[PDB]
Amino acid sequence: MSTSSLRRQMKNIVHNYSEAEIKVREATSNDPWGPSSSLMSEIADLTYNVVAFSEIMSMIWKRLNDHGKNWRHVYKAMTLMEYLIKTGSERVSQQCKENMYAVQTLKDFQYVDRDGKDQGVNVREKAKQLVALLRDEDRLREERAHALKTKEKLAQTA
């Protein structure tokens, strides 16, 4: 709750995380609500700074390496990546393409919670899609155009 938020912030303070690291953490939290579209736009804007780009990619990597009951860290890190890939600096997709082998290993992520529900299949499902996104240059270009087309329409109508 505000209690998960509180602990998250204390962690931020202890580690002296940057603004970009704080944002990525929030977007990829264990909370059962999705990364907010506007927070995600702020992270996209930060991918054009070399320090913030390094921080963002490093924190995504960390989150992607989580396990078990923290599966939402991994799933949301994939969601964030897909968004950055389509809408941030093109450098994000270049780096993700070069590290495809690591997303590929998530095809075998497993987690069954205490009620016996398979939550890990969510990670496998998303990992397959992200790998299909990265392997296709033409689709990558078409998605980046469509994101700009969206931004352009939201700006002639504002």
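Start at 1 with the first residue shown and count on from there.
Undergrad: I need to verify one thing: averaged over C-alpha atoms only, is the B-factor higher for 16 to 24 or for 145 to 153?
TA: Between 145 to 153 and 16 to 24, it is 145 to 153 that shows the higher mean C-alpha B-factor.
Undergrad: Of the two stretches 31 to 39 and 124 to 132, which shows the higher Cα B-factor on average in the entry?
TA: The entry gives the higher C-alpha B-factor average to 31 to 39.
Undergrad: Select one of 44, 102, 50, 59: the residue whose C-alpha shows the highest B-factor in the crystal structure entry.
TA: Answer for 44, 102, 50, 59: 102, with the highest C-alpha B-factor.
Undergrad: For residue 70, return the chain-relative third of its C-alpha B-factor as stated in the PDB record: lowest, middle or highest.
TA: Bottom third by C-alpha B-factor.
Undergrad: Quick check for you: using the entry's CA B-factors within this chain, is residue 55 in the lowest, middle or highest third?
TA: Answer is lowest: the recorded C-alpha B-factor places it there.
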